Structure formats: C-alpha cells, structure tokens
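[1] Starting from these lines, generate the structure:
(2 chains, ligands or ions: 2)
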There are 2 protein chains.
Amino acid sequence: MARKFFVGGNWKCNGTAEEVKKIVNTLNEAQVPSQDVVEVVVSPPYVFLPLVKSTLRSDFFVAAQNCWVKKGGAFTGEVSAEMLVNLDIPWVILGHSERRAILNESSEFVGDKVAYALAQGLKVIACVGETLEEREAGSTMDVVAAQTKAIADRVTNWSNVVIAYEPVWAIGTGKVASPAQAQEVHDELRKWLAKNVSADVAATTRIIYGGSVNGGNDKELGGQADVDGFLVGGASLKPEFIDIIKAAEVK
Amino acid sequence: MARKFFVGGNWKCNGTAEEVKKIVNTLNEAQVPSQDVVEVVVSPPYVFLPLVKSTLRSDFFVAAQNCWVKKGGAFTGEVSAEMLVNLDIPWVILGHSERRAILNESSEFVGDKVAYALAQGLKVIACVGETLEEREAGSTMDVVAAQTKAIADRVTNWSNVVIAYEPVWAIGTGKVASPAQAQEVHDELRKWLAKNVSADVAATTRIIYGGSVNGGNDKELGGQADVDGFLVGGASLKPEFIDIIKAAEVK
Ligand code: NA
Ligand code: NA
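    Residues are numbered from 1 along each chain as shown, chains lettered A, B, ... in the order given. Ligands and ions are numbered 1, 2, ... in the order given. Next comes the structure:
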C-alpha cells in the first residue's frame, strides 16, 4: 500500500498566546485533502501544547519539538515523554538539526530519545541531515547513514517513525536545493533502510523533506518517488502552510 | 532594610495534570507568613506553566525552570524569555546544577541567559555550586566565584536577581551538609559580591540555600546570618513545602 503523505509544521521558538489562537483558527477553517490522502502534524513550543491540543481540529495532530532521553525526575528544565502522553500529545520531533548543532545533541543521544519516546507510545519525527561542509567533503550519505544507524540500532518497530531529511547545507547558506537533489538523498536513504533494516521497513516508512518548501517547489518535491511529504519551518506559522498541505493532492 | 526571606520550589521534571491540580489546591489552602515576611515562587515544567499561573493563589509567583539565551526564532525545542513574559510568568531559574552538569551549560552561557532574561523583565534565580571533587580539591570558592563572576560581568542591575547556592557535593553523595557549612559558603559569596560588585549589592541580594531542606534543618539554616531562604527540590511537590515556607517566621 502506498505511503500516506505526511505534512509536519515545526513552529520552532515562536509564538504568543494571541498569535497561536490566530494560527489555530486559520487551521480550523482550512479545507484540505482527506485523512486518507494526508496526515497533518503541527508542533508548537512546550508552553502552548495544552492550548493547541485543546483548540485544534481533531483531524490534525500535535507534536512536541523535543523531549527528554529517559524517565523524568531530577532534570531541571526538561519535559519527559510520559508528560507528553499525560497531556495527550501524540507526536514528538527528535534530532532536529538545530538541536544537533546548537544544543550539541549527539547521534546516540538522539537515538536513545527516539527509543524512549516510542516505548512510551509517542510517534516520532526523527530528523537527520548534513551540513554544507559535510556535503562539499563528499560525506552526505556517510553522515546521513551514521545518524540513521544510531537510531536504527535502538528501534525494533518502525511503525510509529517518520524520518525527516534536512538539507542543512541549503538552509541559510546561499545554496538552493533542487527537487532532484532531494530525491537523490531520499532514494539513497531508503535503500540504506532496505539493506540495514528490511525491505518492508524501507517500503513503508515515510521519509519527508525538511528543506525550504513553498508554492514554487511543493508539487515538484511531493511528486518525487521517495519524498513522502514535508517538515515545514517558517511557513508553518502562516496561511501558506495550508497550501503546502494541499500539495498532497494528485488528481 | 533586612532582606526578605525567599522560598522557591523547583518541581524539576515531574508532574501530571492531576498531580499539578492537587499541588496547586494544597498551596491555595495553605496558611503561611505574610507577604512582608516571605516571597514564595513555584516552578513547574514548561507544559504546566499556563495551568499553574491560571489557578495558583495570586500571592505566590510562578517560575520557569529554564529559558533560551537570546531572542526566539530558529531554536527548535527552546522557550524564549519573551514567551514567558507573554504568558505572564514572572520568574525563571537559570544555571541549575543539573543543566550545568547534564546539559553542559557553561558559566558564560548561563551568564548570557541571566542578562537576556533580566533585559526582558524577568526575575531570575541564578544558581551556582561545586561538586564533591571540586570541594575535596579545595576549590569551593574558586568554583563558586568563577560561576558568579560570569553572571556578574553581564549584570548591571541586581534588583531582580536571587542567587541560589547548591551544595552539589552533598546531593546524592553520602555527605550531609550542616547549617554551618552552608553559612560559610553564603558568607564568602556575599563577601565576594561586596568586593566585585558593591557593598550595597552584597547587602541587598538574597542568597538562598539549594541543598536538602526539611523539618530537621529549615529553622537552623534559615536563621544563619547569610542564608536568606531556600531553593527546594522534591519537597516542593509535597505538603512539606508549606512547612518550609513557615520557617521564614521568627517570632
Ligand atoms: Na512522493
Ligand atoms: Na537568615
């Protein structure tokens, strides 16, 4: 069966109560493809998770932007997976490029987080991706495979995992990634999954594109054979996010 | 004028919606010394900040357990100081020992956070403290002074700062800190402030004790000349927190 298209919206470290209410109302009024065609997840900052979950349309789902690596306790400032489950938040983003680079999250730390979140029943958007220096050194797939392997070594069931490929090399660097360049990475990553996990896991796991997505490239990216959707950044705060969801429709 | 006694409760990475409602109700029913005698701050995880702020008695105040180092934006998983201001959360804990050690927050990173939070109007509980290895090497005041200096170099107004000394050496190590040992550190730290900032800042800044505080030591600690209150850990989730607040009363 064909993989269901997946559109996640990562709000990042943005939002006020007033803006969140406007964003949620615009999402609630949106008219998008059916639940059989597209799965939509939105990811507010921690402090807005209860507000968004309480007010968002029930056919769109909520994700935290991170969670802690293990059971809660004496970890000042952290939010545990079981807290998210208590608040009925079904998804979490883990290993985002900004946390790997700025907050120095290692590939093994990310892998441990994925395993713990899955064990607590959360669904996970697990992020991977290489920098410009890594790409220009010829290391794109070496890096992406190593990041993915640290997760795969700790995952026994991929049902509740979506992989997001972030072309960090093409985010704020002056380089523009083409749909063909996205497809090349997604294809090679899926082939890696087939060999290192199983053919079935490769065929069924969504691999979503986490680069710049907009009206000029969303249909072109979404129609690539190994691109199963998007992890959207700044447009996720804006009405433009709705048009990105609509790219799931192929009439 | 005498420094107003200060009792903060750090819930750490603990809580469910049901438990938070019970904790808040118990605080709301508590009968404690007047606002002229004691200032009380409670610190839930990010996901419970709106719930606690909306339901807690108006004479107790709410703190976040951390915030980001600068303006928000592309910092997946982080919560900015301006978000906390938008949600009417007046306080933040910064530099907690667990974030310095487990999350590798450097002294300069903590200092930058303190400065940014203060600039956005937040009040700050700024935490310092030495490990057992540091203490046994003779480095207690070297470490505490260096941590404090990184903050002081970035602070021009201390009005909205409270310093918390955490005896990390006596937390989970088999060593028990005495009230005299707490007083020694607090006195030396205040003397450092007098020389490196000003006599007025030393005389007016609360320095609270962040070790183990309970019915067996709270009056003894609180009565020390240079101990101005407590940053409480696990008891902050429990009715025992109320008896700790009551230690502010010296009849
Ligand atoms: Na596709
Ligand atoms: Na005292």
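[2] Kindly report the residues of chain A close to chain B.
    Residues of chain A found near chain B (C-beta under 8 Å from any C-beta of the partner chain) are A:10, A:12-17, A:45-47, A:49-51, A:65-66, A:68, A:72-80, A:83-84, A:86-87, A:93, A:96-99, A:102-104, A:233. Placement of C-beta: from N, CA and C, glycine included.
[3] Please name the nearest non-neighbouring residue to residue A:154.
    Of all residues not flanking residue A:154 in the chain, residue A:115 sits nearest, at 4.0 Å (C-beta to C-beta, 6 or more residues apart in numbering or on different chains).
[4] Any figure for the gap between the one you found and residue A:67?
    12 Å (C-beta to C-beta, to the nearest Å).
[5] quick one on the thing from earlier: got the phi and psi for the residue nearest to residue A:154?
    phi -60, psi -40 (degrees, to the nearest 10).
[6] Chain A: strands as residue ranges?
    Counting by DSSP state E, chain A has strands at residues A:5-10, A:38-43, A:61-64, A:91-94, A:123-128, A:161-165, A:207-209, A:229-232.
[7] who touches the residue nearest to residue A:173 when sequence neighbours are not counted in this structure?
    Spatially, and ignoring its direct neighbours in sequence, residue A:173 is nearest to residue A:132 (5.1 Å; C-beta to C-beta, 6+ apart). Residues in contact with residue A:132 (C-beta atoms under 8 Å, 6 or more residues apart in numbering or on different chains) are A:168, A:169, A:170, A:173, A:175.
[8] TSV please, covering the residues you listed and showing neighbour count.
    Formatted as TSV, the contacts of residue A:132 follow (neighbours: other C-beta atoms under 10 Å in any protein chain shown):
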residue	neighbour count
A:168	24
A:169	20
A:170	19
A:173	12
A:175	13
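[9] Is it possible to get those residues out as CSV so that each row also shows distance to residue A:29?
    Shown next, in CSV, are those (distance: C-beta to C-beta, whole Å):
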residue, distance to residue A:29
A:168, 34
A:169, 37
A:170, 33
A:173, 36
A:175, 36
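[10] mind listing which of the residues you listed are in helices?
    Under the assignment DSSP state H, those contribute nothing to helices.
[11] May I have the beta-bridge partners of the closest residue to residue A:160 other than its chain neighbours?
    With C-beta to C-beta, 6+ apart as the criterion, residue A:160 has its nearest non-adjacent residue at 4.3 Å, and that residue is residue A:123. Beta-bridge partners recorded for residue A:123 (DSSP bridges): residue A:91.
[12] could you list every residue that touches residue A:89?
    A:49, A:53, A:62, A:63, A:64, A:122 are the contacts of residue A:89 under C-beta under 8 Å, 6+ apart.
[13] hang on, the earlier thing: pick out whichever of the contacts of residue A:132 sits closest to chain B.
    Relative to chain B, the closest of the contacts of residue A:132 is residue A:168; by C-beta to the nearest C-beta it sits at 11.6 Å.
[14] For the stretch 151-251 of chain A, give the residue positioned nearest to chain B.
    residue A:233 (7.3 Å).
[15] So what does that residue have for phi and psi?
    According to degrees, to the nearest 10, residue A:233 has phi -90, psi -110.
[16] re earlier: from the contacts of residue A:89, which two are the most distant?
    Using C-beta to C-beta, the two most remote members of these are A:53 and A:122, lying 13.7 Å apart.
[17] Could you check which of these two is surrounded by more residues?
    residue A:122 (22 against 16; other C-beta atoms under 10 Å in any protein chain shown).
[18] nearest residue to the more buried one other than its sequence neighbours?
    residue A:92 (5.1 Å).
[19] For the one you found, the count of nearby residues, please.
    Neighbours of residue A:92 (other C-beta under 10 Å): 27.
[20] okay but it is in contact with residue A:127, surely?
    No - in this structure residue A:92 lies outside contact range of residue A:127 using C-beta atoms under 8 Å: 11.0 Å.
[21] Which parts of the stretch 51-200 of chain A are helices?
    For the stretch 51-200 of chain A, the helices defined by DSSP state H, counting those that start in this stretch occupy A:81-86, A:97-101, A:107-119, A:132-136, A:140-152, A:179-196, A:199-204.
[22] Switch the ones you listed over to JSON lines; also include distance to residue A:27.
    JSON lines is the format used below for the helices of the stretch 51-200 of chain A (distance: least, C-beta to C-beta, whole Å):
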{"stretch": "helix A:81-86", "distance to residue A:27": "20"}
{"stretch": "helix A:97-101", "distance to residue A:27": "23"}
{"stretch": "helix A:107-119", "distance to residue A:27": "24"}
{"stretch": "helix A:132-136", "distance to residue A:27": "34"}
{"stretch": "helix A:140-152", "distance to residue A:27": "30"}
{"stretch": "helix A:179-196", "distance to residue A:27": "26"}
{"stretch": "helix A:199-204", "distance to residue A:27": "28"}
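[23] Nearest approach to residue A:222 belongs to which of those helices?
    helix A:179-196 (9.0 Å).
[24] Mind giving me the packing neighbours of the closest one?
    helix A:140-152, strand A:161-165, helix A:199-204, strand A:207-209, helix A:218-222 (3 or more C-beta pairs under 8 Å, 6 or more residues apart in numbering or on different chains; DSSP states H and E).
[25] returning to that earlier point: how about the residue nearest to residue A:122, what does it touch?
    So residue A:92 contacts A:63, A:64, A:65, A:66, A:67, A:81, A:84, A:117, A:122, A:123, A:124, A:125 (C-beta under 8 Å, 6+ apart).
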